[PDB]
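To begin, one chain is listed below as structure tokens, in the form deposited without the ligand.
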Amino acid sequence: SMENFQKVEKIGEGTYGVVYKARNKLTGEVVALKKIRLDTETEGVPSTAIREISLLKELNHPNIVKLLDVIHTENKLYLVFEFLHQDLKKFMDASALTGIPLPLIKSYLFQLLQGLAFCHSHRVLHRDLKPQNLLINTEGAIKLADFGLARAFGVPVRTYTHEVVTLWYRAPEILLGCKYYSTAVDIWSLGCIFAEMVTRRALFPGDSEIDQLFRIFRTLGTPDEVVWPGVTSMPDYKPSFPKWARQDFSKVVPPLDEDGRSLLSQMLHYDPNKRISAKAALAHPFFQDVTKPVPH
């Protein structure tokens, strides 16, 4: 089963245990081998692995990390994935002195939006977009990568699992403790990351739900019933919230041009019904001159 693969080195820990680099000894393919540990106790196979494997068998797209194979052995389950060289977190730390060129940021946003629109149109939200899970290769591609916190949604949605994106990239409708979130939570993440590539630092880097939420208020302003109908009767709204004024987006992301600002504001609309969908965003003027340059 594993006779075929030679482990090269560990790479990281994701949402359910360890990921390694490996070589297919026979084809020469380099792969990422994610090891799950099973036990006639562990409640057998993890809920997170069940959703990742099943959802990701359905998602073949050039901007979603491809699942090549799933190896059941006796007490181990191995997921064989395509290998990418680096992630966007590491790349932004390595690109700090000279910044990421605007064509590349635009290439990468476009491709991620493509991957997201795809997911969403197959009833899947990712629920964990962050730079650690966006992988890049030397050719100028970028792909979505940890579908272990994903879930299949219905139309309309149900109440799903609550504390759900990593804090920094968590949308306000989760922080305010709404019933229903949908696709709009991933777009919010992607808008945050889009800001982060431009400025090289995280847009709303809180260390608690309330801190995260005040940080957002200080930059988009405190939402009231005009910009967000419903807002003041959501479960974790407090009338004792401070009222900050919305800042002009030229100050939120100074490198950004007339259009990138527009896009970014539509990605961070407070109301999830008006917040731009990945599908609509691909058509946005910002991308009229998009191409596909290479990094590194």
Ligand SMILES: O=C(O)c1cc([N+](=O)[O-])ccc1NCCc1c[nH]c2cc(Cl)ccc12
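Note that residue numbering follows the sequence shown and begins at 1. Rigid core: the largest C-alpha set superposing within 1.5 Å between the two forms.
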Next on the checklist: So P242 is built in this one, but is it left out in a third or more of the other compared PDB entries that include its neighbours?
Outcome noted: no
Checklist entry - Among the other compared PDB entries, is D69 dropped in a third or more? => result no
Checklist outcome for this item: Avg C-alpha B-factor, entry values, 88-96 vs 213-221, higher side is 88-96
Item to check | 72-80 versus 173-181 - greater average Cα B-factor per the deposited record | outcome: 72-80
Next on the checklist: Among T166, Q111, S189, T138, where is the Cα B factor highest in this entry?
Outcome noted: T138
Next on the checklist: So if I compare the CA B-factors in the entry for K66, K34, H269, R51, which one is the largest?
Outcome noted: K34
Item to check | Where the record places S240 (Cα B-factor, split into thirds across the chain) | outcome: highest
Checklist entry - Going by the entry, which third of its chain does the Cα temperature factor of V231 land in? => result middle
Checklist entry - Split the chain's modelled residues into thirds by Cα B-factor; is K274 in the lowest, middle or highest one? => result middle
Checklist entry - So where's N60 on the chain's Cα temperature factor ranking, which third? => result middle
Checklist outcome for this item: The third of the chain into which the C-alpha temperature factor of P101 falls is the highest
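This protein has a second form, the form deposited with the ligand bound, left out of what is shown; the following refers to that one.
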Item to check | Blocked or open, judged by overlaying the ligand from its pose in the entry with it bound and testing 2.4 Å from backbone or C-beta atoms | outcome: blocked
Item to check | One stretch from 202-210, 122-130, 189-197, 105-113 that, in the entry with it bound, holds residues within 4.5 Å of the ligand by heavy atom | outcome: 122-130
Checklist outcome for this item: Residue within 4.5 Å of the ligand in the entry with it bound by heavy atom, from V231, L263, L256, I53, is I53
Item to check | Joint contact, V65, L77 and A150 to the ligand in the entry with it bound, by non-hydrogen atom at 4.5 Å | outcome: yes
Checklist entry - Is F214 close enough to touch the ligand in the entry with it bound, meaning at least one heavy atom pair within 4.5 Å? => result no
Next on the checklist: Taking any heavy atom pair closer than or equal to 4.5 Å as contact, tell me whether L59 reaches the ligand in the entry with it bound.
Outcome noted: yes
Checklist entry - So in the entry with it bound, does any heavy atom of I36 sit within 4.5 Å of the ligand? => result yes
Checklist entry - Quick one: is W168 in contact with the ligand in the entry with it bound, heavy atoms, 4.5 Å cut-off? => result no
Checklist entry - Following superposition of the rigid core, which of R261, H61, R51, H269 is the only residue with a C-alpha displacement of 2 Å or more between the shown form and the other one? => result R51
Next on the checklist: Does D93 shift between the shown form and the other one by 2 angstroms or more at the C-alpha, the core having been superposed?
Outcome noted: no
Checklist entry - Superposing on the rigid core, does the Cα of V227 end up 2 Å or more away between the shown form and the other one? => result no
Next on the checklist: Once both forms sit on the same rigid core, is the C-alpha displacement of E163 at or above 2 Å between the shown form and the other one?
Outcome noted: yes
Item to check | Direction of Cα pair change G154-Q266 in the entry with it bound, magnitude 3 angstroms or more | outcome: farther
Item to check | Pair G148/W168, Cα separation in the entry with it bound versus the displayed form, closer or farther by 3 angstroms or more | outcome: closer
